[PDB]
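Visitor: Sequence, then structure. It's an experimental one.
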Amino acid sequence: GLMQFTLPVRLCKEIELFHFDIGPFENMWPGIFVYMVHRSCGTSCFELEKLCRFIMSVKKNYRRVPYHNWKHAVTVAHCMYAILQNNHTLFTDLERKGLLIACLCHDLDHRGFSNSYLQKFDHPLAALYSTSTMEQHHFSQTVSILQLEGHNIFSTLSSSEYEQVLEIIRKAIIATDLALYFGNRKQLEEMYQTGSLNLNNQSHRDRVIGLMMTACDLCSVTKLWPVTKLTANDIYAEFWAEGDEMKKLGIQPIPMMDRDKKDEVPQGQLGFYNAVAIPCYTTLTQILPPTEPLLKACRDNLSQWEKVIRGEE
Ligand SMILES: Cn1ncc(C(=O)Nc2ccn3cc(-c4ccccc4)nc3n2)c1C(=O)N1CCC1
Ligand SMILES: [Mg+2]
Ligand SMILES: [Zn+2]
């Protein structure tokens, strides 16, 4: 009960900042997550025995893929932690509990392939879940882990609080489907500008939590340039593997996934920052002003990709 996690001084300070990198020491990541739950949620939110056993079962069910791995889960949970800490009074006790767990679980059992590859491969998951294929699977896997004996970190919630938290986690994980992001942000953009955005309207909170989930999911683009640049390698390593597997099905993949068109990566990243990342953190910054450092880091990194193209790096 009186057992805090404490981090070394450098981590204790940097962890509060949006651009924190969780480091290459895998065995520190669980403690970093528990640290973040204790400060964000309270030391009483979860039985430490059950949290520790939930965390390690979640770790076991991430695969050794170049990008959609246990490191990504913890990275995405830290971005959510930074947003929650910088927006203290905007979120219910239940939302803080649910969203850190949602981020940790949001890519459970990822195979390193897109929903489109599952559909063209004709994977059994594509027959079980026609849209948001992997994301419905990630929530499925989350519920399964929660139902393992001794792994139910929500056991001390009332029946209705339990149903609400699982509903927050389900919508949160589904929103990480980037196909749903475009319409979600357009709607949030209209609502913000016409002044109809109401955080007491549950349907409105849902859209805002969805944008937060997209923002955390993409948070690789908000780190310092050397972290962003080296993460890009992991991202493209998966894309090019998928491109190879498209060619094995007799389908020319999109250039993003074709390892023969590496040359075009700098222009492809430009399109992604302008079409997805900048709009995402701009709308987020309008709704939640203290998230501005994420938009600022994203712009710095846009400018770094512009420098790569101009041959300057
Ligand atoms: C992980 N994640 N999740 C979704 C996406 C995504 O769609 N990104 C893209 C989108 C469009 N592109 C096209 C080309 C491309 C490359 C070479 C040649 C021709 C075209 N490169 C692109 N990359 C990403 C991503 O890139 N990152 C960075 C942070 C998340
Ligand atoms: Mg995903
Ligand atoms: Zn993800």
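Guide: The structure has been received and is ready for your questions. Numbering: from 1, shown residues only. Ligands and ions are numbered 1, 2, ... in the order given.
Visitor: Contact residues of the protein facing ligand 3?
Guide: 107, 217 (Cβ under 5 Å from the ion). (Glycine included, C-beta is placed from N, CA and C.)
Visitor: which residue is nearest the centroid of the chain?
Guide: residue 217 (2.7 Å; Cα atoms, centre = their mean).
Visitor: pretty sure that one contacts residue 75?
Guide: No: Residue 217 lies out of contact with residue 75 (Cβ atoms under 8 Å); the separation is 9.6 Å.
Visitor: Spatially, what comes nearest to the residue in the stretch 151-300 of the chain that ligand 1 sits nearest to if we skip its sequence neighbours?
Guide: Proximity of the stretch 151-300 of the chain to ligand 1 (Cβ to the nearest ligand atom) peaks at residue 268, 2.2 Å away. The spatial neighbour of residue 268 that comes closest, neighbours along the chain excluded (Cβ to Cβ, 6 or more residues apart in numbering), is residue 256 at 5.7 Å.
Visitor: Check residue 190 too.
Guide: residue 196 is the one closest to residue 190 (Cβ to Cβ, 6+ apart), at 7.9 Å.
Visitor: For residue 180, what are phi and psi?
Guide: phi -90, psi -10 (degrees, to the nearest 10).
Visitor: my read: it touches residue 136, true?
Guide: No: using Cβ under 8 Å, residue 180 is not in contact with residue 136; the gap is 12.0 Å.
Visitor: any residues in contact with both of these two?
Guide: residue 174 (Cβ atoms under 8 Å, 6 or more residues apart in numbering).
Visitor: count of neighbours near the residue nearest to residue 190?
Guide: Close neighbours of residue 196, defined as other Cβ atoms under 10 Å, add up to 10.
Visitor: could I get the helix or strand where residue 281 lies in CSV with only the CA atoms?
Guide: Element membership for residue 281, per DSSP states H and E: helix 278-287. C-alpha atoms of helix 278-287 as CSV (Å, rounded to 0.1, in the frame of the first residue of the first chain):
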residue,chain,number,x,y,z
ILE,A,278,0.0,18.1,-38.3
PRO,A,279,-3.9,18.2,-38.7
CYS,A,280,-4.1,15.7,-35.8
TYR,A,281,-2.0,17.7,-33.3
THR,A,282,-3.5,21.1,-34.6
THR,A,283,-7.1,20.0,-33.7
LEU,A,284,-5.8,18.4,-30.5
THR,A,285,-4.1,21.7,-29.6
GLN,A,286,-7.3,23.7,-30.3
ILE,A,287,-9.4,21.4,-28.0
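Visitor: which parts of it are buried?
Guide: 278, 279, 280, 281, 283, 284, 285, 286, 287 (16 or more other Cβ atoms under 10 Å).
Visitor: Off-centre distance for it?
Guide: The chain centre lies 16 Å from the centre of helix 278-287; the measure is Cα atoms, centre = their mean, to the nearest Å.
Visitor: quick one on the thing from earlier: state whether the residue of the stretch 151-300 of the chain closest to ligand 1 and residue 254 are indeed in contact, as I suppose.
Guide: No: look at residue 268 against residue 254 with Cβ under 8 Å: they stay out of range, at 9.6 Å.
Visitor: and for these two, which residues touch both?
Guide: By Cβ under 8 Å, 6+ apart, no residue touches both residue 268 and residue 254.
Visitor: Which secondary structure state is assigned to whichever residue of the stretch 51-200 of the chain sits closest to ligand 3?
Guide: Per Cβ to the ion, residue 107 is where the stretch 51-200 of the chain lies closest to ligand 3, at 4.3 Å. Recorded secondary structure, residue 107: coil (DSSP: H, G, I helix; E, B strand; the rest coil).
Visitor: Mind listing residues that contact stretch 294-307?
Guide: Under the contact criterion Cβ under 8 Å, 6+ apart, stretch 294-307 has outside partners 18-19, 79, 215, 219, 221-225, 228-229, 266, 269-270, 273-274, 277-278, 281-282, 284-285, 313.
Visitor: Could you pull out the helices in the stretch 101-250 of the chain for me?
Guide: Using DSSP state H, counting those that start in this stretch, the helices found in the stretch 101-250 of the chain span residues 115-121, 124-128, 133-147, 159-175, 178-194, 202-217, 225-248.
Visitor: check contacts around the closest residue to ligand 3 within the stretch 151-300 of the chain.
Guide: Nearest residue of the stretch 151-300 of the chain to ligand 3: residue 217, at 4.5 Å (Cβ to the ion). Residues near residue 217 by Cβ under 8 Å, 6+ apart: 76, 106, 176, 178.
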